[PDB]
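> before the rest arrives, take these chains from my complex:
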Amino acid sequence: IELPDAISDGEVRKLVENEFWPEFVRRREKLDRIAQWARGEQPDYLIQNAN
Amino acid sequence: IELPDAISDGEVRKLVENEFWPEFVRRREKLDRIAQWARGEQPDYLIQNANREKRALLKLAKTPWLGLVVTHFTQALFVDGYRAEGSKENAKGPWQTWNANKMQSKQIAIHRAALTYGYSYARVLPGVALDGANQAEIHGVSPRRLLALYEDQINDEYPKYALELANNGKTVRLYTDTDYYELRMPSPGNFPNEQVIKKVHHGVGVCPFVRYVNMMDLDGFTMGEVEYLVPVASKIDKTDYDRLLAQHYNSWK
Amino acid sequence: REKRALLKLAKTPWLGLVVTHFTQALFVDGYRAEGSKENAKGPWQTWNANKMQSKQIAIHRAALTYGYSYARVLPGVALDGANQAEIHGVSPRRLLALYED
Amino acid sequence: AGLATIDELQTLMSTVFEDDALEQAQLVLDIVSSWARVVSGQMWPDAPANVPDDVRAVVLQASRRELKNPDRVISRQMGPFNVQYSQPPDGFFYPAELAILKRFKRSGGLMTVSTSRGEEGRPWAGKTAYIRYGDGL
Amino acid sequence: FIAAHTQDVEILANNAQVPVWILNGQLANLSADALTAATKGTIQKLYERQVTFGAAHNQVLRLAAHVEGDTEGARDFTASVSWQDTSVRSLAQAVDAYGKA
Amino acid sequence: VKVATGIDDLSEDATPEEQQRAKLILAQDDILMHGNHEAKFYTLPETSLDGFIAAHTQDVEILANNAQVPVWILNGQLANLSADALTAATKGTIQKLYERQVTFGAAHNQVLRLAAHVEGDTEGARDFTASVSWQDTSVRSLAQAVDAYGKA
Amino acid sequence: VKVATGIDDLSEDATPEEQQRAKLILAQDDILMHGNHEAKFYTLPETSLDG
C-alpha cells in the first residue's frame, strides 16, 4: 500500500480501481460489522441453527 | 551487546544488520505480547483445543482488565503548565514548544506507552516553525519501534545509540550523539546493499530520546502495569470461564 | 502441568504491593537548617542537580525490599564549574560494603 | 482364530475330538473367543500366540461348560443315576470370569460420555472486524 | 462463582492500587475523611507517576530549549512541569476549605 | 412437569388427528383420579432462575466497569451518596469524558484553524493557542455548585 | 457430576479414535432416557467454595 508521491490526471482511474477501492472495501466490511454490533446485533459465539 | 565507542559511516549497515536489529526483534516480540495482553487477550494458562464449544466460552470470559487499569491511570495524568522556580507564569519558550507540538494530546499516548510497557520515549529533533526562528518537534516513540542502548541504564539521561523504526515500517533510522542514519527497509530484517545509507546531522548534541520510566528501581527492572498483574487478570478470566461452563452445561435440571 | 498452571495462577505480588505502598508515602521536600524556614542553598542545590526527587524513590524501594540500600557520593563538576558532587543510588545486589562495626 | 487351541481343550477335558465332535468343538471355541474379544474389548490379532494365560483359562472353562452342558439343565435323571447342576451363567461367563475379562479396561471400568447442546461455537467471533494499523509484523 | 469473581476482582483492584468501586462493587456512602483515606493509595501512586513523568517531561523541555538556542532554559533544572489536581473531593468542600484558607 | 406412570396405555384408539384433543378439564375444583392402584402421579421440580439473575447483574456490572460508565446507568440503582462519595464514584467517567474532550478538542481546533485558513483569516489559521470550550460534564447538584461558586 | 449406573456397557464397539464422539445432545428441552429399568441417574454434590 505504498503511497505515490504525486497522482497524475491519467493515473487517477487506475489507482482508484486497483489500489484504493479494494482497500476501501476491505476496511468497509469490518466497519460494517462494527456498526451492526453497535445496533444490538452482537456476535454469536455459539450458533445453534435449524431449531 | 557491547556498545562500540563510535559508529563509522561504513560500519552502520553491518552494525544495524548484525547487532542492533536482532536485539530489536527480540524485544519487539515480548513487547507485542505485552501489547496484546493489554487489549483483552490475557494469556491462557490452561488450553483445551479441539472443542470449539468451550473455546468460544473461554473467549467469552476474557475481559480487558489490564487495559482498564492502564486507561484509569492514564486519564489522571495531565500537564497543565511549565513554570520556573518561584514564578506563577509559564516559561514562554518551553511552554510555547509544548503547545506548538500539540503535547496536550500526545502526553496521553506517552503515558499509556510508559504505563503499558514500563517505559516510553519522546524524540526531540530540531525543526522550524511557521514564523521561522527555531522550534523543536517532540514526537512520542513507542517502545516497540525504538531500541535505546544505555551505557548505564539506571543513571543515564540519554542513550548512546537508538534504533528507530518508522511508523510506516518502511525505513529504519539509527541515531547517534550528533548524526542519524536512515536506512530503507522493504522487508523486516532485509537491508539491501543497493540502498545508500542517508546521513542527516541533527546536531542535538546527545541522543534525542528521553525515556519515561513507569517505576524507579535501582536494579534496572523497568516494570509495566500490564505484565505485573497478568496472573491476577488470568485468574479472574479463569473464574469467569468456570462460571460460563457451569451455566452452559449444569444450569438446568 | 495442570495443577502447576493453577499454582502459577494463584501467585499474587502482595509483598511488592506492601513495598510500593510504603515507598509512595516517603518523599523529601526540603533540607532546612535548625530554626530556619529556608532550604540550605548548597545541599538543596546538590539534591536538585542530582535529580534526587526521583532517585529517592528507588533508594527507598531498595531499602524497604532488601532491608538496606546505599547512595554513592563522588566528586564531580557541574555545567558552570565550581564543585558539584554526584549522588547515585546503589542497589545492595551491586555493592558489598564492609564495616568494622 | 480361537483364543485357546483345541489341544488345550482336549487336555483339560481329557478327551479326543473326532469327526463331527471336532468341528463342533472348534465352532464353540471360536464362539467363546468372539464373546471374550467383545467383553474384554481387546481384538487379539494373533489369537493363540499373544493371548494371556487367564484369558485362555476363561475361554477353556466356558468352552467346556458349553460342550458338556449346551442345553443348560439344572438336574438330569436316568434310572438310578441322578445329577444336579448349579445355576448356569447368564451368558458364557460367570461374574468372576467377566471380571477377569474386563481387567484390560482402563480406569477401573469407568467410562464418560461427552455431552453437547448442539451449538457449533465460533471463538473467532468478535475478532473478525479487526483492521491492522501500524508497521505490520 | 459470583463470590469468587468478586474476591478476585477485589484482589486485582488492590494490587493495581485502583479503587475497588472502579473495578467491582459500589462505593458505600463515605464522609470526606473516609473518602480521602480510601483513595490515598491511588493518589499516592498517581503522585509517584507524576514525579517520574515530570522528571522526564522536564528533561524533554530542557532538551527542546537547548535545541532552539535558549541557553537559560536548557540549564534551568529547577523549573518543573505542573500537573492538574488528581484529588477526588467535592466542589463544595474544596471551595469552603480554600476560601477559609 | 406433572408425571403419570402406570396408567392404562394403548388408549385414545391409535391417537388420531382432526382435533381429538378432548383437553381433560383440570381446574382448581377437579380431583384427578385413576382406577389402577399401581398408578403414580408426581411432579418434576423446576429451575430456580435466581442464579441467572445474579450472573446477569454481575456481567452488567463488569460491562459498566470496563466501559467506565456509572453502574446505575447500566444496572441496579444509585444508593444515597453524599457529595464526596458521588464525586469519587463518577470520577472515572468524568476523567474519560475529559480525555475524549482533549482529543476531540484538538481535532475541533484543527478543523476550525483549517476553516479559518480557507476563508483567509491568516491570524486565525496560525493561532494554535486558541481552543474550543466544552460544557460541564460534572454531576453535581445545583445547590452545591451555586453555594461553592458564590463562596468562591 | 452427572453419574449413570446400570447402563448398557460394552457399547461404542471398542471405542475408537478419529472423533467418534457423537456428543450426545443434552439441551434444556431434551429428556435423557434409558431403556433399562435398573439404571440410575444422579449427580454428585460440589464444594461450597465459601470457606
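Great, that's in hand. Numbers count the residues shown, from 1 in each chain, chains lettered A, B, ... in the order given.

> so is the longest helix that chain E contains next to chain B?
If you go by DSSP state H, chain E has its longest helix at helix E:40-67. Yes. Helix E:40-67 is in contact with chain B by Cβ under 8 Å from any Cβ of the partner chain, via E:45-46, E:49-50, E:52-54, E:56-67. In this view, the C-beta of every residue, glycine as well, is placed from N, C-alpha and C.

> how about that helix: buried residues?
When burial is assessed from 16 or more other Cβ atoms under 10 Å in any protein chain shown, helix E:40-67 yields the following buried residues: E:41-67.

> and residue D:106, how many residues sit next to it?
8 (other Cβ atoms under 10 Å in any protein chain shown).

> ignore the last one, residue D:57
Counted with other Cβ under 10 Å, residues neighbouring residue D:57 total 15.

> same question for the one 5 residues further on.
For residue D:62, the number of neighbouring residues by other Cβ under 10 Å comes to 25.

> cool, and residue A:15?
So residue A:15, with other Cβ under 10 Å, has 14 neighbours.

> so how far is chain F from it?
25 Å (Cβ to the nearest Cβ, to the nearest Å).

> now the helices: where do they sit in the chain?
Since you didn't name a chain, this refers to chain A. Taking DSSP H, the helices of chain A run over residues A:11-15, A:21-37.

> sorry, I should have been clearer: chain E.
Ranges of helices within chain E are E:2-15, E:20-23, E:32-38, E:40-67, E:71-74, E:91-100, based on DSSP H.

> which one, of the ones you listed, ends up nearest to residue B:82?
Ranking those by proximity to residue B:82 (Cβ to Cβ) places helix E:40-67 first, at 6.0 Å.

> is any residue of that closest one near chain F?
No. Applying Cβ under 8 Å from any Cβ, one finds helix E:40-67 separated from chain F by no less than 9.8 Å.

> quick check: which of the helices of chain A is nearest to residue D:122?
Here helix A:21-37 is closest among these (Cβ to Cβ), at 13.1 Å.

> any residue of that closest one touching chain D?
Yes. Contact of helix A:21-37 with chain D (Cβ under 8 Å from any Cβ) involves A:26, A:27, A:29, A:30, A:31, A:33, A:34, A:37.

> buried stuff in that helix?
Going by neighbour count (16+ other Cβ under 10 Å), the buried part of helix A:21-37 is residue A:33.

> need the contact partners of it.
Applying Cβ atoms under 8 Å, 6 or more residues apart in numbering or on different chains, the contact partners of helix A:21-37 are A:1, A:43, D:128, D:129, D:130, D:131.

> tack on chain H:
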Amino acid sequence: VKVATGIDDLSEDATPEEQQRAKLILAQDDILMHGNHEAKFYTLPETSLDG
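Chain H, in position alongside the others:
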C-alpha cells in the same frame, strides 16, 4: 472426595509406571458411567473451616 464402590477391580493390568495415567476426562459436559448396576458413586463431605 468422589467415591466409587462395586466397580470392576483388577483393571489397569497390574498398574504400571511410565505415565500410564490416562487421566479420565471428567469435565462439566461429561457424564460418568459404569456398566455394573451394583456400583455406587457418592461423595464425602468436607470440613466447614468457619470454626
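
> same question on the buried residues of helix A:21-37, but now with chain H added
residue A:33.

> any idea how far the residue nearest the centre of chain D lies from residue D:89?
Chain D has residue D:36 as the residue nearest its centroid, 2.3 Å off, counting by Cα atoms, centre = their mean. Distance, residue D:36 to residue D:89, by Cβ to Cβ, to the nearest Å: 13 Å.

> same question, residue D:44
22 Å.

> again with residue E:2
54 Å.

> got it, and residue D:97?
From residue D:97 to residue D:89 the distance is 8 Å (Cβ to Cβ).

> mind checking which of these two has more residues around it?
Comparing residue D:97 with residue D:89 by other Cβ under 10 Å, the one with more neighbours is residue D:97, at 22 against 15.

> which helix or strand contains the closest residue to the more buried one other than its chain neighbours?
Closest residue to residue D:97 apart from its sequence neighbours, by Cβ to Cβ, 6 or more residues apart in numbering or on different chains: residue D:58 at 4.8 Å. Applying DSSP states H and E as the criterion places residue D:58 in helix D:53-68.

> could you say what helices and strands that helix packs with?
Secondary-structure packing of helix D:53-68 (3 or more Cβ pairs under 8 Å, 6 or more residues apart in numbering or on different chains; DSSP states H and E): helix D:6-13, helix D:20-40, helix D:95-101.

> specify the angle between the first one and helix D:53-68 in degrees.
The one in question is helix D:6-13. Orientation of helix D:6-13 against helix D:53-68 (axes from the mean of the first three to the mean of the last three Cα atoms, to 10 degrees) gives an angle of 70 degrees.

> so which bits of helix D:6-13 are buried?
For helix D:6-13, using 16+ other Cβ under 10 Å, the buried residues are D:8, D:9.

> as CSV, could you dump the C-alpha coordinates of it?
Provided in CSV are the C-alpha atoms of helix D:6-13 (Å, rounded to 0.1, in the frame of the first residue of the first chain):
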residue,chain,number,x,y,z
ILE,D,6,-8.2,-77.4,20.6
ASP,D,7,-5.3,-79.3,22.1
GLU,D,8,-5.6,-77.4,25.4
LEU,D,9,-9.3,-78.1,25.4
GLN,D,10,-8.7,-81.8,24.8
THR,D,11,-6.1,-81.9,27.6
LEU,D,12,-8.5,-80.1,30.0
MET,D,13,-11.4,-82.4,29.2
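
> who touches the helix holding residue D:58?
By Cβ under 8 Å, 6+ apart, helix D:53-68 touches D:2-4, D:8-9, D:12-13, D:24-25, D:28-29, D:31-33, D:35-36, D:40, D:88-89, D:92-93, D:97, D:100-101, D:103.
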